[PDB]
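Read the single chain below, which is given as structure tokens and is the form deposited in one PDB entry.
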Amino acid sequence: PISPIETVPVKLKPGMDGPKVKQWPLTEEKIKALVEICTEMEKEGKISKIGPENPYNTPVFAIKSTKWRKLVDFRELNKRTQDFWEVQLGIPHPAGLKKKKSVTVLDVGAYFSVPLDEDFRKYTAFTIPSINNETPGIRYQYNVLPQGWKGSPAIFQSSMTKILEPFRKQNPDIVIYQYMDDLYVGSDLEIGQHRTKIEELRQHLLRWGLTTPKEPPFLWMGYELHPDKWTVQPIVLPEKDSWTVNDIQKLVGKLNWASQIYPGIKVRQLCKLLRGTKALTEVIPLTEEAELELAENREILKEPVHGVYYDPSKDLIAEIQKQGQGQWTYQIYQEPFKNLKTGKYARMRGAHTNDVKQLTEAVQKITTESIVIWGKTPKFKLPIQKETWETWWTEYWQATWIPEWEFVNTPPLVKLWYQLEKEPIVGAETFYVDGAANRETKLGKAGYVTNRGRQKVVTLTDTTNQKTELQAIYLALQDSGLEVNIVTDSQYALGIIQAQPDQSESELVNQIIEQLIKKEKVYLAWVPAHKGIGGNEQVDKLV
């Protein structure tokens, strides 16, 4: 059947005409196979035959079991067709679904049941070539949505939506969703009243030209849906003697997928082996870290876990734990500790951060995810003291705001590991530091002069102004005592250090962080260079 639904008007892209691709000649088997296929399709109204008035054409092929398959190659038409609104903007996450008592599944096996805009059919013309390509072939055009055309998924789903809308209002308490060839229909009715309303829906579908002749758990989109719970469909981790790039990529994807419900999954050490572009077939020995990470993941996965569904009447609670080395993990529940969802956050935003910036970025990522899945932000439980957090964000120059949260004593706690002094330290030495690199030679010098008369200059190869300016500050911190004042000319290095990083991609910056933690007091100040400013011009001379 061809649905009586009204058609969607369609246009070619502005300034373009429909395709005129030439049909390659085919084997007699393939011509025979296609005349048969097209004669059934013509009986059912899916296609019509047309004269030679129509100048448009799209190649057609046939490939074989003992089935024969028609293959209309819509590449040229597709790149001349307008764009459509896209079908799905996102996939529903299971953790956002509500508990259902009954879930039915009707067969709804598609495109050839939805009509195609009359003004557009001519551009779908195709030609069954005659034998050894001597007479003009038989010419058809589509009357329905052709398989493989750009507009079909969008126009089908829009048609399927208008058809359902009547039923969706007379039953605003029933959820209907479209998965492949099955329609999933869910209600909080018992099997009696449920499959009565299933019947009227199928009656309603039949009136629109749609034929309908599964038990939980439903396997869908990688998930396993049960009536009262959900999980990811089973993850089995291979037991290979030897690992290829290809095996580690597939394993990282599976662990990443499992992290949605299995808490604490780690992939950092396994991902680190994939750095440095190498062949998919090449074998990578596992470092001992990656083997401890693989070992830990296997224990996490030994017994199965499940997620619960969403109760709209209760709050969401989000908990975050620090797993170390930029790795964060989180759980969302409504009753402790029955998880709707878990996840991980392990992004380096910035070359240098601290745990407070990383925890706020993680809260931001969880907040957005909550809006999408549940339409509502959760209450946070975070491993950071209220005092730490408002010490940091008030003094810091970016704005922030995280929603309602509460401290939770789950170590490691987030804390600032050092504090720069607010004003210069009486009785402590003052270092005037400076770095410099020659842009040609990549050669540089770093050093200091102190108010107590000391001075040092080291030399540096394969270096930049940026690294010599940080080298100078590191020098000052090694040679000084527990308290020190440091005058630099580098806004670059002051910027970094005033942000109180506790981690960095630069081993230099990490060495400085090592030093700043041992110190009892450090005042850091900036002066413009090349203004003859006391010690700064004098240390500038040396470098």
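Definition used throughout: the rigid core is the maximal C-alpha set that superposes within 1.5 Å between two forms. The first residue of the shown sequence is 1; numbering continues from there.
Counting the unmodelled positions of the deposited sequence between residue 69 and residue 70 gives zero. The entry models residue 109 and residue 110 with a gap of 1 to 3 deposited residues left without coordinates.
Legend: mean Cα B-factor per stretch from the PDB entry, 530 to 538 versus 17 to 25; the higher mean is in 530 to 538. Stretches 468 to 476 and 214 to 222 differ in mean C-alpha B factor, with the higher average recorded for 214 to 222. Of the candidates 137, 151, 263, 253, the one whose C-alpha carries the top B factor in the deposited record is 137. Highest CA B-factor among 365, 194, 229, 75, as stated in the entry: 194. Among the modelled residues of its chain, residue 159 has a C-alpha B-factor that falls in the lowest third, as given in the PDB entry. In this PDB entry, residue 96 carries a Cα temperature factor that places it within the lowest third of its chain's modelled residues. Per the PDB record, residue ranking by Cα B-factor puts residue 412 in the middle third of the chain. In this PDB entry, the Cα temperature factor of residue 188 sits in the top third of its chain's modelled residues, the highest group. Among the modelled residues of its chain, residue 337 has a C-alpha B-factor that falls in the lowest third according to the deposited record.
Separately, the form deposited in another entry exists; it is not shown, and the next lines address it.
For the residue set 361, 247, 117, 182, core-aligned C-alpha shifts between the shown form and the other one reach 2 angstroms or more at a single site, 182.
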